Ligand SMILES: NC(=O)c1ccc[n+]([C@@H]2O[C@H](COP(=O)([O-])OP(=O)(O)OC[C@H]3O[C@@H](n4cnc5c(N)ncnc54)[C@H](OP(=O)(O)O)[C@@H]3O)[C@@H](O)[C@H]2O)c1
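Just one chain follows, in the form deposited without the named molecule, and it is written as structure tokens.
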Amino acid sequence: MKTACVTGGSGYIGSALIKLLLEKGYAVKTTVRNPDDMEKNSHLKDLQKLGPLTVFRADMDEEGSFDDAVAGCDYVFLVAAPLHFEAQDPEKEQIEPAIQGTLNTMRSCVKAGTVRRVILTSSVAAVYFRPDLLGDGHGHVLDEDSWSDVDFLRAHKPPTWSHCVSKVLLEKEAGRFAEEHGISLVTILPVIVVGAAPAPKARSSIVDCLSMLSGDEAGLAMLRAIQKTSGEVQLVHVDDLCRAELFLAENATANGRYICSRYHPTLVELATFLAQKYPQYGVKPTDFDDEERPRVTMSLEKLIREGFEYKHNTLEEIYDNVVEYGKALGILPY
């Protein structure tokens, strides 16, 4: 029986990974910042009903705190924490702590001497910010060779520049570190993630995809900004993301970084689908009518080439269970 560690077990993606690992016969260790907070971590008790699940305390700013959690693990899933709130000095407050915290966990992985592979969950924040491709007014198909432009982001500091710079640098630093220390590191890069997970206090990762239904002003702004940039948005079901992370840990030939994406609708298509299937929220699809814009899209083909198969392939399947989750979280009123 193989053993896996999932960092950030209180979070959206972390909780979904733990569920899949248990269902697949793994013994799981997970880290949280306060194991006694059973309002935040009640799902970890439920999940113990599926297989061996051990909870540990750990924090990214606390050097070595991940030692006991990763020890004995065949695979380690590093789920990066979402930034959450802005900062006066993003370099000192966000970017640098993101690098350091990632290395901190890397070190606990070498020290375990048992980790066959580390799967880093990042996002396409590290892929898409290309001043040439986004700005030249032509369509483009990006892939895993594309990296967000750190120099341009620091020069002009557009909104979310710090989320993108921190993802790029922490991935590069973790790769540099995995090189010098002989540990296999594979990175996955999700688009907007959709679907239910066990975590009771998730939100950040769910606001964008439900914002047409909720009216969340920040969410809608984000979807519109992505569409203004790229001509569309990109979505993937959380269960396919989780299956992809498992796939990448278990298949020895997997190497480097992988975009994880399945459906790329315009907002009017998405709004139209949501209005038809969930009319109780009064979505007006004409609120998202827009000129057709050049499409700048992230290719999904690398994961496909390696033999992975997505299970949520239509728009409706990608949204198959997220609405009931938004209800339970209070993101939606009913």
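Whichever C-alpha set is largest while still superposing within 1.5 Å between the two forms counts as the rigid core. The first residue of the shown sequence is 1; numbering continues from there.
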Between the two ranges 81-89 and 147-155, the one averaging a larger CA B factor in the entry
81-89
If you average the CA temperature factors over each stretch, which comes out higher, 178-186 or 120-128?
178-186
Per the PDB entry, which option out of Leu47, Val296, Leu274, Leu300 has the greatest Cα B factor?
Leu47
Highest recorded C-alpha temperature factor, please, choosing from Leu246, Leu169, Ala71, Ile192.
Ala71
Among the modelled residues of this chain, does the Cα B factor of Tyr26 put it in the lowest, middle or highest third?
middle
Could you tell me which third, lowest, middle or highest, the C-alpha B-factor of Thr253 occupies within its chain?
middle
Third of chain Cα B-factors occupied by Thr102
middle
Assigned third (lowest, middle, highest) for the C-alpha B factor of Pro200
middle
Please say which third, lowest, middle or highest, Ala58 falls into when its CA temperature factor is compared across its chain.
middle
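Absent from the display: the form deposited with the named molecule bound. The rest refers to it.
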Select, from the options 108-116, 249-257, 175-183, 121-129, the stretch whose residues sit within 4.5 angstroms of the named molecule in the deposited bound form by heavy atom distance.
121-129
Close approach of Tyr310 to the named molecule in the deposited bound form, 4.5 Å, heavy atom
no
Though only this chain appears here, would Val322 touch the named molecule in the deposited bound form if you measure heavy atom gaps against 4.5 Å?
no
Heavy atom of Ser214 within 4.5 Å of the named molecule in the deposited bound form
no
Does at least one non-hydrogen atom of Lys302 fall within 4.5 angstroms of the named molecule in the deposited bound form?
no
Which of these residues, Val168, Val79, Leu210, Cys73, gets a heavy atom within 4.5 Å of the named molecule in the deposited bound form?
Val79
Scan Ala244, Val193, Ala196, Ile95 and let me know which has any heavy atom within 4.5 Å of the named molecule in the deposited bound form.
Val193
Honest question, do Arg33, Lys40 and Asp61 all end up within 4.5 Å of the named molecule in the deposited bound form by heavy atom distance?
yes
After fitting the rigid core, tell me which of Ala178, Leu83, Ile226, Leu153 has its Cα displaced by at least 2 Å between the shown form and the other one.
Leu83
How does the C-alpha distance between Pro190 and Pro82 change in the deposited bound form compared with the present structure, closer or farther, given a change of 3 angstroms or more?
farther
